[PDB]
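Let me begin by presenting the structure, written as structure tokens, before commenting on it.
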Amino acid sequence: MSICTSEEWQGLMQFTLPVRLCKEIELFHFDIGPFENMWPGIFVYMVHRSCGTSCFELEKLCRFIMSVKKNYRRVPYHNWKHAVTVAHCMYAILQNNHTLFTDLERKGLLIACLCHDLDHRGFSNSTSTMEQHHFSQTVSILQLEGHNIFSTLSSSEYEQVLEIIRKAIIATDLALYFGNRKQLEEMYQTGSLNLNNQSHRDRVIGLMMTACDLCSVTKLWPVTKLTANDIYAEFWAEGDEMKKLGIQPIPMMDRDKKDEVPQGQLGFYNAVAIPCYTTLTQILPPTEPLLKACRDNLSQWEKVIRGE
Ligand SMILES: Cc1cc2nccc(-c3ccc(Cl)cc3)n2n1
Ligand SMILES: [Mg+2]
Ligand SMILES: [Zn+2]
């Protein structure tokens, strides 16, 4: 577990978000992309507005942030950018559903989002091992000196957020998303979905985690495009690691077959992304704008495929 300098955590402490972004950042389609030096700042901002300025000692919280930063790796996609992008989408979901989520949930979900791919190497998991590792990394960072941002909580408050965070992180394993979303489909339609049921809560939170994880598909077209190149630059670098031992990479992880990508995107939107946001919109109607953006980008990929 690496840790931040004093100057890193102190630098975050003096950050103020510039005002011109104050409305942007509440938008589901907000792109953090242009603002690299602000990304830790942005996360402080979001925590402050979702959970309140007096929810974590500023000090330990900046300590936590800058250190989580240093346990991400400088790979194309599963890096610090993605963790802040994921966090932000969760912030937007929290903001438009405020009355449904407990304080304990709101703090745990933002932190878990930030930590969701901790120490990702960029190579494919190809049971939920990666996610269980991510959660363990999160425990390590928490255990560190001056780093336990939950110190001001009770024994059962603590032993409960840790659990909200474990479940959240695990839920980011797309293999589990399918059965969970199916499960949620059934419940909702039978009318048997109970938010007062803790196990049902966990299911919905699962879907939220997926919806955040994948939120690159819900940005503006110019942004959605550039971000596809980032994910793909990792499949390909892994496929190269296949080639280097004469192995054939599956055709997604071969950068020779580069013009496969828009069809791959369309497939993925149809099989994975649209259902995800579809169901989420149904359980949480204020997240509609994610579904709309996803559809808009689906429609763009068709045009590339049809050569327009
Ligand atoms: C955000 C984004 C765009 C995209 N395109 C193709 C494939 C995937 C993908 C993502 C996660 C997993 Cl586990 C598997 C595949 N993704 N993810
Ligand atoms: Mg992950
Ligand atoms: Zn992720």
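One is the number of the first residue; the rest follow in order along the sequence. Keep in mind that the numbers below use all heavy atoms, side chains included, and drop hydrogens, waters and symmetry copies.
- The backbone N or O of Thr227 sits nowhere less than 3.5 Å from a side-chain atom of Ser216 that would complete a donor-acceptor pair.
- Under the 3.5 Å distance criterion, the side-chain polar atoms of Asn97 are matched with a main-chain donor or acceptor of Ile93.
- When side chains are defined from C-beta on, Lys60 does not count as touching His147, because their heavy atoms never get closer than 4.5 Å.
- Surrounding CZ of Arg306 are more than 12 heavy atoms belonging to other residues, nucleotides or ligands, all under 6.0 Å away.
- Heavy atoms from other residues, nucleotides or ligands lying under 6.0 Å from CZ of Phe15 number more than 12.
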* To do: Kindly indicate, with the supporting measurements, whether the criterion side chain to side chain donor-acceptor pair (under 3.5 Å) is fulfilled by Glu288 and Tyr277.
  => CA-CA 8 Å; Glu288 219 275 332; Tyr277 296 116; over 6 Å; no
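- For the atom pair NZ of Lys182 and CZ of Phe178, the computed distance is 12.0 Å after rounding to the nearest 0.5 Å.
- Side-chain contact between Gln248 and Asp254 is present, with at least one heavy-atom pair separated by less than 4.5 Å.
- Proximity of a side-chain donor or acceptor of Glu157 to a complementary backbone N or O of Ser154 within less than 3.5 Å is detected.
- Put simply, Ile32 and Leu21 are part of the same group of oily side chains (I, L, V, M, F, W, Y) that touch within less than 4.5 Å, one to the next.
- The shortest side-chain heavy-atom distance between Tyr72 and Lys81 does not fall under the 4.5 Å cut-off.
- A salt bridge links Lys167 with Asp202: the closest approach of a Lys/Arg side-chain nitrogen to an acidic carboxylate oxygen falls below 4.0 angstrom.
- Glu159 contributes no side-chain N or O that, together with a main-chain N or O of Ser155, makes up a donor-acceptor pair within less than 3.5 Å.
- Donor-acceptor pairing under 3.5 Å is recorded for the side chains of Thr279 and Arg181.
- Contact between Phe56 and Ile149 at its shortest, heavy atoms only, is CD2-O, 3.1 Å.
- If you chain together hydrophobic residues whose side chains sit under 4.5 Å apart, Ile169 and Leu144 fall into the same group.
- Note on residues 214-241: pairs passing ring-ring contact (aromatic ring centres under 6.0 Å, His included), not counting sequence neighbours, are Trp221-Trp301, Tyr232-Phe235, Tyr232-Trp236.
- Between the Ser136 side chain and the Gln132 main chain, no donor and acceptor come within less than 3.5 Å of each other.
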* To do: Please step through side-chain contact (heavy atoms from CB on, under 4.5 Å) for the pair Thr224 and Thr218, ending with a clear verdict.
  => CA-CA 7 Å; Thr224 297; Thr218 73; over 6 Å; no
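- Here the side chains of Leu176 and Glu131 are not in contact, with every heavy-atom distance at 4.5 Å or above.
- Looking at every heavy atom in both residues, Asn79 comes nearest to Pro76 through ND2-O, 2.5 Å.
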Residues 111-122, side-chain donor-acceptor partners within the protein, below 3.5 Å, at least two apart:
residue	atom	partner	partner atom	Å
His116	ND1	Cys113	O	3.3
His116	NE2	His82	NE2	2.9
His116	NE2	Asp213	OD1	2.9
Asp117	OD1	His134	NE2	3.4
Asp117	OD2	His82	NE2	3.0
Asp119	OD1	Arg73	NE	2.8
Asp119	OD1	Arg73	NH2	3.2
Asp119	OD2	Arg121	NH2	3.0
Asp119	OD2	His133	NE2	3.1
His120	ND1	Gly122	N	3.0

* To do: Run the numbers on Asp103 and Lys107 for salt bridge (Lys or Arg N to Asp or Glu O under 4.0 Å), then give the verdict.
  => CA-CA 6 Å; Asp103 295 320; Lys107 57 228 305 198; over 6 Å; no
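- One N or O on the side chain of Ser151 and one on the backbone of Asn148 form a donor-acceptor pair closer than 3.5 Å.
- Heavy atoms of other residues, nucleotides or ligands lying less than 6.0 angstrom from CD of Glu36 number 12 at most.
- For the pair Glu59 and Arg63, the salt-bridge criterion is met [side-chain N within less than 4.0 Å of a carboxylate O].
- When side chains are defined from C-beta on, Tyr177 counts as touching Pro275, because their heavy atoms get closer than 4.5 Å.
- The number of heavy-atom neighbours closer than 6.0 Å to CD of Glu186, taken from other residues, nucleotides and ligands shown, is 12 or below.
- For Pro251, the side-chain contact (heavy atoms from CB on, under 4.5 Å) partners two or more places apart in sequence, or in a different chain, are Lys257, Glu260.
- Under a 4.0 Å N-O distance rule, the pair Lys244/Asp240 does not qualify as a salt bridge.
- Other residues, nucleotides and ligands contribute at most 12 non-hydrogen atoms within 6.0 Å of the CD1 atom of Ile3.
- Judged purely by atom type and a 3.5 angstrom limit, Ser67 has no side-chain atom pairing as donor or acceptor with the backbone of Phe64.
- Under 3.5 Å, the side chains of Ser124 and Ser126 contain no donor-acceptor pair of N or O atoms.
- A salt bridge links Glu8 with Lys70: at least one charged nitrogen is closer than 4.0 Å to a carboxylate oxygen.
- Annotation for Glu145: atom CD does not count as buried by contact number, only 12 or fewer foreign heavy atoms lying within 6.0 Å.
- Checking side-chain atoms of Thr129 against main-chain N and O of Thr127 turns up a donor-acceptor pair under 3.5 Å.
- Remark: side-chain polar atoms of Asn96 are not paired, donor with acceptor, to backbone N or O of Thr287 under 3.5 angstrom.
- Salt-bridge formation is detected for the pair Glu105/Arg201: a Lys NZ or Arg NE/NH1/NH2 atom is positioned less than 4.0 Å from an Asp or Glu carboxylate oxygen.
- Listed here is the closest heavy atom pair of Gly206 and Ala171: CA-CB, 3.6 Å.
- Side-chain contact check for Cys294 versus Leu290: every heavy-atom pair is 4.5 Å or farther apart.
- At a threshold of 4.5 Å between side-chain heavy atoms, the hydrophobic network of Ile, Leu, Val, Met, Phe, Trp and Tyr places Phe150 and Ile141 in one connected group.
- Other residues, nucleotides and ligands contribute over 12 non-hydrogen atoms within 6.0 Å of the NZ atom of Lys243.
- Each of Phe43, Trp39, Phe30, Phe35 was scored for a ring pair (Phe, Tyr, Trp, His ring centres under 6.0 Å) with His88, with one residue passing: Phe30.
- Under a hydrophobic clustering in which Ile, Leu, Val, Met, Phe, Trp and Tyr are joined whenever their side-chain heavy atoms come within less than 4.5 Å, directly or via other members, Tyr77 and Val68 fall into different clusters.
- For the atom pair CE (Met1) and CG (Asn71), the distance works out to 3.5 Å, reported to the nearest 0.5 Å.
- Residues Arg49 and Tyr45 meet the side-chain proximity criterion, which asks for heavy atoms closer than 4.5 Å.
- Remark: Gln263 CD is loosely packed, at most 12 non-hydrogen atoms of other residues, nucleotides or ligands lying under 6.0 Å away.
- Between the SG atom of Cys22 and the CG atom of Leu17 there is a distance of 5.0 Å, given to the nearest 0.5 Å.
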